[PDB]
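J.: Attaching a single structure in structure tokens format; questions to follow.
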Amino acid sequence: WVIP
Amino acid sequence: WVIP
Amino acid sequence: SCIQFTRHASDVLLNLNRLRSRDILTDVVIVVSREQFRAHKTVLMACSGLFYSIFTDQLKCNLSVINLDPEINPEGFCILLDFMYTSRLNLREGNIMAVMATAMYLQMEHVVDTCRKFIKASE
Amino acid sequence: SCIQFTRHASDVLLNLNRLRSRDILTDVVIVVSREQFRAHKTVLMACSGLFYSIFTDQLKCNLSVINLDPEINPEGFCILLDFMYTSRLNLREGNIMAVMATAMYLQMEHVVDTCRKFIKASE
Ligand SMILES: CSc1ncc(Cl)c(Nc2ccc3c(c2)CC(=O)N3)n1
Ligand SMILES: CSc1ncc(Cl)c(Nc2ccc3c(c2)CC(=O)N3)n1
Ligand SMILES: [Cl-]
Ligand SMILES: [Cl-]
Ligand SMILES: [Cl-]
Ligand SMILES: [Cl-]
């Protein structure tokens with residue numbers, strides 16, 4: 001999971 | 001396009 | 001010896017979401033405590049272990065309406081349906097418990113994992 | 001303020017290809033010079049400008065069989081159908097002309113672009  |  | 005187009009899967013998902021937003025070729029209604037959500041069976045199956053099991057059943061595969069367990073929260077389902085079609089999860093302090101419970105019921109393992117991690121950080 | 005799962009779109013496409021391989025919830029047959037290819041209308045639309053136009057038509061959206069132009073090569077179509085469900089294109093010296101012509105007819109702009117580039121390098 002990432003900060004888009 | 002890439003070489004997978 | 002194949003070549004691969006990096007953005008292809010993302011572009012496919014973006015177009016599937018465009019079809020959902022315009023209600024094009026949707027083939028099922030998911031009922032959650034009287035709230036109704038239109039979607040594509042194939043996308044639901046591709047994202048959820050529960051929908052995969054439901055639509056591979058020789059009788060349920062033909063149903064146009066699926067009613068979820070009454071304990072399922074419509075907002076938690078909505079957030080997860082949005083994630084299915086976009087890869088984006090609107091995870092917030094006020095919804096994390098409902099999102100995790102819905103993801104556990106829908107069998108969306110990666111969502112359950114990030115919810116467990118975000119809850120553990122707050123304790 | 002959403003979080004994003006990087007592999008989600010790829011995982012969705014992988015599951016859609018698993019459904020295709022097991023012939024689960026396929027809803028159309030594409031006929032190419034008597035060769036037949038089963039697929040999901042939504043995936044075909046998501047990948048091709050031609051299928052997008054066909055299945056948004058109020059009459060053609062309901063067809064279970066679509067016949068392609070007799071000039072379309074079945075191997076070129078097969079390679080492109082594989083690309084639609086995997087992001088992988090089996091582009092070879094012996095098939096590049098048939099793949100490019102099929103991609104132009106199907107309106108798959110990124111495939112047409114890489115075919116033009118690979119042909120230009122050989123001249
Ligand atoms: C297992 S083979 C397979 N073949 C096709 C499909 Cl459409 C499918 N979907 C599916 C099954 C289980 C789970 C998910 C999707 C998400 C998750 O967390 N668990 N699985
Ligand atoms: C244009 S809005 C839109 N909305 C939903 C879908 Cl399913 C869709 N598909 C589509 C249209 C045109 C093209 C492709 C897919 C691939 C390509 O090269 N051209 N388009
Ligand atoms: Cl029904
Ligand atoms: Cl997930
Ligand atoms: Cl028909
Ligand atoms: Cl393309």
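Ligands are numbered from 1 in the order shown, chains are lettered A, B, ... in the order of the structure tokens, and residues start at 1 in each chain.
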At most 10 Å is the cut-off: for each residue in chain D with any atom that close to an atom of chain B, write down the nearest atom pair and the distance in Å rounded to one decimal, counting only C-alpha atoms, chain first then increasing number, as JSON lines.
T.:
{"residue": "D:87", "atom": "CA", "partner": "B:1", "partner_atom": "CA", "distance": 9.6}
{"residue": "D:88", "atom": "CA", "partner": "B:4", "partner_atom": "CA", "distance": 8.4}
{"residue": "D:89", "atom": "CA", "partner": "B:1", "partner_atom": "CA", "distance": 9.6}
{"residue": "D:110", "atom": "CA", "partner": "B:1", "partner_atom": "CA", "distance": 9.0}
{"residue": "D:111", "atom": "CA", "partner": "B:1", "partner_atom": "CA", "distance": 9.5}
{"residue": "D:114", "atom": "CA", "partner": "B:1", "partner_atom": "CA", "distance": 7.7}
J.: Just fit chain D onto chain C on all the Cα atoms, in order, by least squares, and give it as a short mmCIF file (atom, residue, chain, number, x, y, z; two decimals) with N, CA, C and O atoms, in the first residue's frame.
T.:
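Resulting contents of superposed_19.cif:
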data_model
loop_
_atom_site.label_atom_id
_atom_site.label_comp_id
_atom_site.auth_asym_id
_atom_site.auth_seq_id
_atom_site.Cartn_x
_atom_site.Cartn_y
_atom_site.Cartn_z
N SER D 1 9.13 -14.83 -24.72
CA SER D 1 9.69 -13.66 -25.42
C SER D 1 8.68 -12.49 -25.59
O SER D 1 8.91 -11.59 -26.40
N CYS D 2 7.60 -12.47 -24.80
CA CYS D 2 6.59 -11.41 -24.83
C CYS D 2 7.19 -10.06 -24.39
O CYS D 2 8.15 -10.04 -23.61
N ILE D 3 6.59 -8.95 -24.83
CA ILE D 3 6.86 -7.61 -24.29
C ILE D 3 5.64 -7.31 -23.40
O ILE D 3 4.58 -7.89 -23.60
N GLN D 4 5.77 -6.38 -22.46
CA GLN D 4 4.66 -6.08 -21.55
C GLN D 4 4.36 -4.59 -21.49
O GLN D 4 5.29 -3.80 -21.39
N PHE D 5 3.07 -4.21 -21.52
CA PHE D 5 2.68 -2.80 -21.40
C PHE D 5 2.34 -2.55 -19.93
O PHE D 5 1.32 -3.03 -19.43
N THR D 6 3.24 -1.85 -19.24
CA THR D 6 3.17 -1.54 -17.80
C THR D 6 1.81 -1.02 -17.33
O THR D 6 1.29 -1.51 -16.32
N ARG D 7 1.24 -0.05 -18.05
CA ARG D 7 -0.03 0.57 -17.62
C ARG D 7 -1.30 -0.19 -18.04
O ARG D 7 -2.40 0.30 -17.76
N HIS D 8 -1.18 -1.32 -18.76
CA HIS D 8 -2.36 -2.01 -19.29
C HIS D 8 -3.39 -2.39 -18.23
O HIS D 8 -4.57 -2.07 -18.41
N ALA D 9 -2.98 -3.08 -17.14
CA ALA D 9 -3.92 -3.50 -16.09
C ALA D 9 -4.66 -2.30 -15.47
O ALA D 9 -5.88 -2.39 -15.25
N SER D 10 -3.94 -1.20 -15.19
CA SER D 10 -4.52 0.01 -14.61
C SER D 10 -5.53 0.63 -15.57
O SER D 10 -6.61 1.03 -15.14
N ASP D 11 -5.18 0.69 -16.88
CA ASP D 11 -6.05 1.25 -17.93
C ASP D 11 -7.30 0.41 -18.08
O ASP D 11 -8.37 0.97 -18.24
N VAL D 12 -7.16 -0.93 -17.99
CA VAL D 12 -8.32 -1.83 -18.04
C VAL D 12 -9.26 -1.50 -16.86
O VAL D 12 -10.47 -1.33 -17.06
N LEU D 13 -8.70 -1.41 -15.64
CA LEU D 13 -9.51 -1.15 -14.45
C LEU D 13 -10.20 0.21 -14.51
O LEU D 13 -11.38 0.31 -14.17
N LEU D 14 -9.48 1.23 -15.01
CA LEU D 14 -10.04 2.57 -15.20
C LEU D 14 -11.27 2.51 -16.14
O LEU D 14 -12.30 3.11 -15.82
N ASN D 15 -11.17 1.75 -17.25
CA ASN D 15 -12.29 1.61 -18.20
C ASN D 15 -13.45 0.83 -17.60
O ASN D 15 -14.60 1.15 -17.87
N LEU D 16 -13.15 -0.21 -16.79
CA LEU D 16 -14.19 -0.97 -16.09
C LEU D 16 -14.94 -0.05 -15.12
O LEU D 16 -16.17 -0.15 -15.02
N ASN D 17 -14.22 0.85 -14.43
CA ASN D 17 -14.87 1.81 -13.52
C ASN D 17 -15.75 2.81 -14.30
O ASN D 17 -16.81 3.19 -13.81
N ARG D 18 -15.31 3.22 -15.51
CA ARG D 18 -16.09 4.12 -16.39
C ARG D 18 -17.38 3.43 -16.77
O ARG D 18 -18.43 4.06 -16.75
N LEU D 19 -17.31 2.11 -17.08
CA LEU D 19 -18.52 1.33 -17.39
C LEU D 19 -19.45 1.29 -16.18
O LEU D 19 -20.67 1.49 -16.33
N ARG D 20 -18.88 1.06 -14.97
CA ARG D 20 -19.70 1.05 -13.75
C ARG D 20 -20.40 2.41 -13.52
O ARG D 20 -21.60 2.43 -13.24
N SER D 21 -19.66 3.52 -13.65
CA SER D 21 -20.20 4.86 -13.44
C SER D 21 -21.34 5.19 -14.40
O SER D 21 -22.26 5.93 -14.03
N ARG D 22 -21.31 4.62 -15.62
CA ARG D 22 -22.35 4.86 -16.64
C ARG D 22 -23.39 3.74 -16.68
O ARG D 22 -24.29 3.75 -17.53
N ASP D 23 -23.27 2.78 -15.74
CA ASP D 23 -24.14 1.61 -15.58
C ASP D 23 -24.19 0.75 -16.86
O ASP D 23 -25.23 0.21 -17.23
N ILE D 24 -23.04 0.63 -17.54
CA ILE D 24 -22.93 -0.15 -18.78
C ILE D 24 -22.53 -1.59 -18.49
O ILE D 24 -21.48 -1.83 -17.89
N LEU D 25 -23.37 -2.53 -18.96
CA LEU D 25 -23.21 -3.98 -18.86
C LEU D 25 -23.09 -4.51 -17.42
O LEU D 25 -22.65 -5.64 -17.21
N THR D 26 -23.58 -3.73 -16.44
CA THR D 26 -23.68 -4.21 -15.06
C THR D 26 -24.72 -5.34 -15.11
O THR D 26 -25.69 -5.27 -15.88
N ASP D 27 -24.49 -6.42 -14.36
CA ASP D 27 -25.32 -7.61 -14.45
C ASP D 27 -25.75 -8.14 -13.10
O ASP D 27 -26.23 -9.27 -13.01
N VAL D 28 -25.56 -7.35 -12.03
CA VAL D 28 -25.97 -7.76 -10.68
C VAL D 28 -26.22 -6.53 -9.81
O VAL D 28 -25.57 -5.49 -10.00
N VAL D 29 -27.15 -6.65 -8.85
CA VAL D 29 -27.41 -5.65 -7.83
C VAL D 29 -27.05 -6.33 -6.51
O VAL D 29 -27.53 -7.43 -6.22
N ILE D 30 -26.22 -5.67 -5.72
CA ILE D 30 -25.85 -6.14 -4.39
C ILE D 30 -26.65 -5.29 -3.42
O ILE D 30 -26.53 -4.06 -3.43
N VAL D 31 -27.50 -5.96 -2.62
CA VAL D 31 -28.37 -5.30 -1.64
C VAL D 31 -27.71 -5.37 -0.27
O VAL D 31 -27.35 -6.46 0.19
N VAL D 32 -27.53 -4.20 0.36
CA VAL D 32 -26.89 -4.06 1.67
C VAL D 32 -27.82 -3.19 2.53
O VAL D 32 -27.90 -1.98 2.31
N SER D 33 -28.54 -3.82 3.48
CA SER D 33 -29.53 -3.16 4.37
C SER D 33 -30.40 -2.16 3.57
O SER D 33 -30.40 -0.96 3.85
N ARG D 34 -31.07 -2.65 2.50
CA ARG D 34 -31.94 -1.88 1.60
C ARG D 34 -31.18 -0.94 0.61
O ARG D 34 -31.80 -0.56 -0.39
N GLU D 35 -29.88 -0.60 0.84
CA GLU D 35 -29.09 0.18 -0.13
C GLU D 35 -28.73 -0.78 -1.26
O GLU D 35 -28.46 -1.96 -0.99
N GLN D 36 -28.71 -0.30 -2.51
CA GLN D 36 -28.47 -1.12 -3.68
C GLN D 36 -27.24 -0.67 -4.43
O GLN D 36 -27.06 0.53 -4.63
N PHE D 37 -26.39 -1.62 -4.86
CA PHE D 37 -25.16 -1.32 -5.60
C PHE D 37 -25.08 -2.16 -6.86
O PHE D 37 -25.03 -3.38 -6.78
N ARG D 38 -25.04 -1.50 -8.02
CA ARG D 38 -24.92 -2.19 -9.30
C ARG D 38 -23.46 -2.45 -9.61
O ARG D 38 -22.59 -1.62 -9.31
N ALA D 39 -23.17 -3.61 -10.18
CA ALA D 39 -21.77 -3.94 -10.48
C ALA D 39 -21.68 -5.03 -11.53
O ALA D 39 -22.70 -5.49 -12.05
N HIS D 40 -20.44 -5.40 -11.88
CA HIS D 40 -20.13 -6.46 -12.82
C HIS D 40 -19.69 -7.65 -12.00
O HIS D 40 -18.74 -7.54 -11.22
N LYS D 41 -20.40 -8.79 -12.17
CA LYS D 41 -20.07 -10.05 -11.48
C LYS D 41 -18.58 -10.39 -11.62
O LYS D 41 -17.94 -10.71 -10.61
N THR D 42 -18.01 -10.30 -12.84
CA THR D 42 -16.59 -10.65 -13.04
C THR D 42 -15.65 -9.81 -12.19
O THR D 42 -14.68 -10.34 -11.68
N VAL D 43 -15.92 -8.50 -12.06
CA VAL D 43 -15.08 -7.62 -11.24
C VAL D 43 -15.22 -7.99 -9.77
O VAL D 43 -14.21 -8.08 -9.07
N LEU D 44 -16.46 -8.22 -9.31
CA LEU D 44 -16.70 -8.63 -7.91
C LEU D 44 -15.93 -9.93 -7.60
O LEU D 44 -15.25 -10.01 -6.58
N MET D 45 -15.97 -10.91 -8.52
CA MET D 45 -15.26 -12.20 -8.34
C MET D 45 -13.75 -12.01 -8.30
O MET D 45 -13.07 -12.65 -7.49
N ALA D 46 -13.23 -11.13 -9.18
CA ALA D 46 -11.80 -10.85 -9.27
C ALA D 46 -11.23 -10.20 -8.00
O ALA D 46 -10.01 -10.25 -7.77
N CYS D 47 -12.09 -9.56 -7.20
CA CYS D 47 -11.68 -8.83 -6.00
C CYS D 47 -12.01 -9.49 -4.69
O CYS D 47 -11.45 -9.10 -3.66
N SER D 48 -12.98 -10.41 -4.69
CA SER D 48 -13.53 -10.95 -3.45
C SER D 48 -13.67 -12.46 -3.47
O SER D 48 -14.29 -13.00 -4.39
N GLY D 49 -13.16 -13.12 -2.43
CA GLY D 49 -13.29 -14.57 -2.28
C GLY D 49 -14.74 -14.98 -2.12
O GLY D 49 -15.16 -16.02 -2.63
N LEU D 50 -15.54 -14.12 -1.44
CA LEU D 50 -16.97 -14.39 -1.26
C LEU D 50 -17.73 -14.34 -2.61
O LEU D 50 -18.45 -15.30 -2.92
N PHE D 51 -17.55 -13.26 -3.40
CA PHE D 51 -18.23 -13.17 -4.71
C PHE D 51 -17.75 -14.23 -5.67
O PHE D 51 -18.56 -14.76 -6.44
N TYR D 52 -16.46 -14.59 -5.59
CA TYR D 52 -15.90 -15.67 -6.41
C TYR D 52 -16.66 -16.99 -6.16
O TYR D 52 -17.06 -17.66 -7.13
N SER D 53 -16.87 -17.34 -4.88
CA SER D 53 -17.60 -18.54 -4.46
C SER D 53 -19.06 -18.46 -4.92
O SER D 53 -19.57 -19.43 -5.50
N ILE D 54 -19.73 -17.31 -4.69
CA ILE D 54 -21.14 -17.08 -5.07
C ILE D 54 -21.37 -17.26 -6.56
O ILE D 54 -22.23 -18.05 -6.96
N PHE D 55 -20.61 -16.54 -7.40
CA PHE D 55 -20.89 -16.59 -8.83
C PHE D 55 -20.28 -17.82 -9.54
O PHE D 55 -20.53 -17.99 -10.73
N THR D 56 -19.56 -18.72 -8.83
CA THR D 56 -19.12 -19.99 -9.44
C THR D 56 -20.13 -21.08 -9.05
O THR D 56 -20.05 -22.20 -9.55
N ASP D 57 -21.09 -20.74 -8.18
CA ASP D 57 -22.13 -21.71 -7.81
C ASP D 57 -23.09 -21.84 -8.99
O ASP D 57 -23.57 -20.82 -9.49
N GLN D 58 -23.40 -23.08 -9.40
CA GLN D 58 -24.24 -23.38 -10.56
C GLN D 58 -25.66 -22.78 -10.48
O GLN D 58 -26.29 -22.62 -11.53
N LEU D 59 -26.16 -22.43 -9.28
CA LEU D 59 -27.46 -21.78 -9.14
C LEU D 59 -27.32 -20.28 -8.94
O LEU D 59 -28.05 -19.52 -9.57
N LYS D 60 -26.42 -19.85 -8.03
CA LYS D 60 -26.24 -18.42 -7.73
C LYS D 60 -25.64 -17.62 -8.88
O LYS D 60 -25.92 -16.43 -8.97
N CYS D 61 -24.86 -18.27 -9.78
CA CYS D 61 -24.24 -17.61 -10.95
C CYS D 61 -25.29 -16.89 -11.82
O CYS D 61 -24.94 -15.94 -12.52
N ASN D 62 -26.55 -17.37 -11.78
CA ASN D 62 -27.66 -16.87 -12.58
C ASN D 62 -28.54 -15.83 -11.88
O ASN D 62 -29.50 -15.33 -12.49
N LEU D 63 -28.23 -15.51 -10.63
CA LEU D 63 -29.02 -14.53 -9.88
C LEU D 63 -28.62 -13.11 -10.29
O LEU D 63 -27.43 -12.86 -10.51
N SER D 64 -29.62 -12.22 -10.39
CA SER D 64 -29.39 -10.81 -10.75
C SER D 64 -29.37 -9.94 -9.49
O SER D 64 -29.02 -8.76 -9.55
N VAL D 65 -29.77 -10.51 -8.34
CA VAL D 65 -29.80 -9.83 -7.05
C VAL D 65 -29.14 -10.73 -5.99
O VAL D 65 -29.51 -11.91 -5.86
N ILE D 66 -28.19 -10.17 -5.23
CA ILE D 66 -27.53 -10.83 -4.11
C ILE D 66 -27.74 -9.97 -2.86
O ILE D 66 -27.36 -8.80 -2.85
N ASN D 67 -28.29 -10.57 -1.80
CA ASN D 67 -28.52 -9.89 -0.53
C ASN D 67 -27.42 -10.27 0.46
O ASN D 67 -27.24 -11.44 0.77
N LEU D 68 -26.69 -9.26 0.95
CA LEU D 68 -25.64 -9.49 1.93
C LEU D 68 -26.22 -9.62 3.31
O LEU D 68 -27.36 -9.20 3.54
N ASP D 69 -25.44 -10.21 4.22
CA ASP D 69 -25.80 -10.40 5.63
C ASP D 69 -26.27 -9.05 6.23
O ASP D 69 -25.59 -8.03 6.00
N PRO D 70 -27.40 -9.00 6.97
CA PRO D 70 -27.88 -7.71 7.52
C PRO D 70 -26.91 -6.95 8.43
O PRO D 70 -27.12 -5.77 8.63
N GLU D 71 -25.87 -7.61 8.96
CA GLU D 71 -24.85 -6.95 9.79
C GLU D 71 -23.91 -6.08 8.94
O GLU D 71 -23.19 -5.25 9.49
N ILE D 72 -23.89 -6.30 7.61
CA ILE D 72 -23.00 -5.54 6.72
C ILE D 72 -23.46 -4.09 6.59
O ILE D 72 -24.62 -3.82 6.28
N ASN D 73 -22.52 -3.19 6.83
CA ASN D 73 -22.71 -1.75 6.78
C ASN D 73 -22.65 -1.25 5.32
O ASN D 73 -21.66 -1.52 4.64
N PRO D 74 -23.69 -0.53 4.81
CA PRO D 74 -23.66 -0.06 3.41
C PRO D 74 -22.49 0.86 3.05
O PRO D 74 -21.97 0.75 1.94
N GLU D 75 -22.06 1.74 3.98
CA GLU D 75 -20.92 2.62 3.71
C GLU D 75 -19.62 1.81 3.56
O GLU D 75 -18.88 2.05 2.62
N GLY D 76 -19.39 0.85 4.46
CA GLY D 76 -18.24 -0.05 4.38
C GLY D 76 -18.21 -0.80 3.05
O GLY D 76 -17.15 -0.94 2.42
N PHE D 77 -19.40 -1.26 2.58
CA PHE D 77 -19.48 -1.95 1.28
C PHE D 77 -19.16 -0.97 0.15
O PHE D 77 -18.40 -1.32 -0.76
N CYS D 78 -19.74 0.23 0.19
CA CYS D 78 -19.52 1.26 -0.83
C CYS D 78 -18.02 1.58 -1.01
O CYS D 78 -17.52 1.65 -2.14
N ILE D 79 -17.31 1.75 0.13
CA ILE D 79 -15.87 2.05 0.15
C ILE D 79 -15.09 0.89 -0.49
O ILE D 79 -14.17 1.12 -1.29
N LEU D 80 -15.51 -0.35 -0.19
CA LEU D 80 -14.86 -1.53 -0.76
C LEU D 80 -15.17 -1.72 -2.22
O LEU D 80 -14.28 -2.12 -2.97
N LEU D 81 -16.41 -1.41 -2.64
CA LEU D 81 -16.78 -1.50 -4.07
C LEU D 81 -15.95 -0.46 -4.87
O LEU D 81 -15.46 -0.78 -5.96
N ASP D 82 -15.77 0.75 -4.32
CA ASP D 82 -14.93 1.78 -4.93
C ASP D 82 -13.49 1.28 -5.07
O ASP D 82 -12.88 1.45 -6.13
N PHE D 83 -12.95 0.64 -4.01
CA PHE D 83 -11.60 0.06 -4.03
C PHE D 83 -11.46 -1.01 -5.14
O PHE D 83 -10.46 -1.06 -5.85
N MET D 84 -12.47 -1.88 -5.27
CA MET D 84 -12.46 -2.93 -6.30
C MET D 84 -12.21 -2.36 -7.69
O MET D 84 -11.38 -2.89 -8.43
N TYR D 85 -12.90 -1.27 -8.02
CA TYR D 85 -12.82 -0.64 -9.34
C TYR D 85 -11.73 0.41 -9.50
O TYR D 85 -11.58 0.93 -10.61
N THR D 86 -11.00 0.76 -8.42
CA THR D 86 -9.99 1.84 -8.55
C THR D 86 -8.61 1.57 -7.94
O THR D 86 -7.68 2.32 -8.23
N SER D 87 -8.49 0.55 -7.06
CA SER D 87 -7.27 0.23 -6.27
C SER D 87 -7.12 1.23 -5.10
O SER D 87 -6.18 1.12 -4.33
N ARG D 88 -8.05 2.20 -4.96
CA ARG D 88 -7.98 3.23 -3.93
C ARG D 88 -8.93 2.93 -2.78
O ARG D 88 -10.12 2.72 -3.01
N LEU D 89 -8.40 2.94 -1.55
CA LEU D 89 -9.20 2.66 -0.37
C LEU D 89 -9.34 3.90 0.51
O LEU D 89 -8.33 4.41 1.01
N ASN D 90 -10.59 4.37 0.71
CA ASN D 90 -10.87 5.53 1.55
C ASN D 90 -10.96 5.08 3.02
O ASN D 90 -12.05 4.90 3.58
N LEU D 91 -9.80 4.83 3.62
CA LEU D 91 -9.70 4.33 4.99
C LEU D 91 -9.56 5.50 5.94
O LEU D 91 -8.65 6.32 5.79
N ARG D 92 -10.53 5.63 6.87
CA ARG D 92 -10.59 6.74 7.84
C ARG D 92 -10.85 6.21 9.25
O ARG D 92 -11.42 5.12 9.41
N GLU D 93 -10.47 6.99 10.28
CA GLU D 93 -10.70 6.61 11.68
C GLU D 93 -12.15 6.18 11.92
O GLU D 93 -12.38 5.13 12.54
N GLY D 94 -13.09 6.95 11.40
CA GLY D 94 -14.52 6.70 11.57
C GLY D 94 -15.11 5.53 10.79
O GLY D 94 -16.23 5.12 11.08
N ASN D 95 -14.38 4.98 9.80
CA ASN D 95 -14.93 3.87 9.01
C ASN D 95 -14.12 2.56 9.07
O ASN D 95 -14.59 1.54 8.58
N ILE D 96 -12.89 2.61 9.63
CA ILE D 96 -11.95 1.48 9.62
C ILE D 96 -12.53 0.18 10.19
O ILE D 96 -12.29 -0.89 9.62
N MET D 97 -13.31 0.26 11.28
CA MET D 97 -13.92 -0.93 11.86
C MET D 97 -14.95 -1.54 10.91
O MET D 97 -14.94 -2.76 10.73
N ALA D 98 -15.81 -0.71 10.27
CA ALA D 98 -16.82 -1.19 9.32
C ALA D 98 -16.16 -1.71 8.03
O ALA D 98 -16.59 -2.73 7.50
N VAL D 99 -15.10 -1.04 7.56
CA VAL D 99 -14.37 -1.47 6.36
C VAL D 99 -13.69 -2.84 6.62
O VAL D 99 -13.83 -3.74 5.80
N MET D 100 -12.98 -2.99 7.77
CA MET D 100 -12.33 -4.26 8.09
C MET D 100 -13.32 -5.42 8.18
O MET D 100 -13.07 -6.48 7.60
N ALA D 101 -14.43 -5.23 8.93
CA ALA D 101 -15.48 -6.26 9.08
C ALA D 101 -16.08 -6.64 7.71
O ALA D 101 -16.24 -7.84 7.41
N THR D 102 -16.35 -5.64 6.85
CA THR D 102 -16.88 -5.90 5.51
C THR D 102 -15.84 -6.66 4.65
O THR D 102 -16.21 -7.61 3.96
N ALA D 103 -14.54 -6.27 4.72
CA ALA D 103 -13.47 -6.92 3.95
C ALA D 103 -13.27 -8.37 4.41
O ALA D 103 -13.01 -9.24 3.58
N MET D 104 -13.44 -8.65 5.72
CA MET D 104 -13.35 -10.01 6.26
C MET D 104 -14.49 -10.89 5.71
O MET D 104 -14.26 -12.02 5.25
N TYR D 105 -15.71 -10.34 5.70
CA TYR D 105 -16.90 -11.02 5.16
C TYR D 105 -16.75 -11.24 3.64
O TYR D 105 -17.04 -12.33 3.13
N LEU D 106 -16.26 -10.21 2.92
CA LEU D 106 -16.08 -10.32 1.46
C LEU D 106 -14.85 -11.14 1.08
O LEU D 106 -14.69 -11.47 -0.10
N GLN D 107 -13.97 -11.44 2.05
CA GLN D 107 -12.72 -12.18 1.82
C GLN D 107 -11.80 -11.40 0.87
O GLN D 107 -11.51 -11.85 -0.24
N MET D 108 -11.40 -10.19 1.29
CA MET D 108 -10.49 -9.30 0.55
C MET D 108 -9.29 -9.16 1.46
O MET D 108 -9.21 -8.24 2.29
N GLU D 109 -8.41 -10.17 1.39
CA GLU D 109 -7.26 -10.37 2.27
C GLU D 109 -6.32 -9.18 2.41
O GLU D 109 -5.90 -8.90 3.53
N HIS D 110 -5.96 -8.50 1.31
CA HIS D 110 -5.04 -7.35 1.38
C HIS D 110 -5.66 -6.16 2.11
O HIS D 110 -4.95 -5.47 2.84
N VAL D 111 -6.98 -5.94 1.95
CA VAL D 111 -7.70 -4.87 2.66
C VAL D 111 -7.71 -5.20 4.17
O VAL D 111 -7.40 -4.33 4.99
N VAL D 112 -8.03 -6.46 4.53
CA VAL D 112 -8.05 -6.90 5.94
C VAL D 112 -6.68 -6.63 6.60
O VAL D 112 -6.63 -6.06 7.69
N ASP D 113 -5.59 -6.97 5.89
CA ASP D 113 -4.21 -6.77 6.32
C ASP D 113 -3.88 -5.30 6.61
O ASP D 113 -3.32 -5.02 7.68
N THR D 114 -4.23 -4.37 5.70
CA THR D 114 -3.93 -2.95 5.95
C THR D 114 -4.78 -2.36 7.08
O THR D 114 -4.32 -1.44 7.76
N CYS D 115 -6.00 -2.90 7.30
CA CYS D 115 -6.91 -2.44 8.36
C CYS D 115 -6.32 -2.87 9.70
O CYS D 115 -6.24 -2.05 10.61
N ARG D 116 -5.85 -4.15 9.79
CA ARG D 116 -5.21 -4.70 11.00
C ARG D 116 -3.98 -3.87 11.38
O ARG D 116 -3.78 -3.58 12.55
N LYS D 117 -3.18 -3.48 10.37
CA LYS D 117 -1.97 -2.68 10.56
C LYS D 117 -2.28 -1.26 11.03
O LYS D 117 -1.62 -0.78 11.95
N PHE D 118 -3.29 -0.61 10.42
CA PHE D 118 -3.68 0.76 10.78
C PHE D 118 -4.30 0.82 12.18
O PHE D 118 -4.05 1.78 12.91
N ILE D 119 -5.05 -0.23 12.58
CA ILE D 119 -5.64 -0.33 13.92
C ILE D 119 -4.54 -0.53 14.97
O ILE D 119 -4.56 0.15 16.01
N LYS D 120 -3.57 -1.43 14.68
CA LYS D 120 -2.44 -1.75 15.57
C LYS D 120 -1.59 -0.50 15.86
O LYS D 120 -1.12 -0.34 16.99
N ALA D 121 -1.43 0.40 14.87
CA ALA D 121 -0.66 1.65 15.02
C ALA D 121 -1.32 2.64 15.99
O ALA D 121 -0.62 3.41 16.64
N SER D 122 -2.67 2.65 16.06
CA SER D 122 -3.46 3.54 16.91
C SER D 122 -3.57 3.08 18.37
O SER D 122 -3.85 3.92 19.23
N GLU D 123 -3.36 1.77 18.65
CA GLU D 123 -3.44 1.21 20.00
C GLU D 123 -2.21 1.55 20.85
O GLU D 123 -1.88 2.71 21.05
#
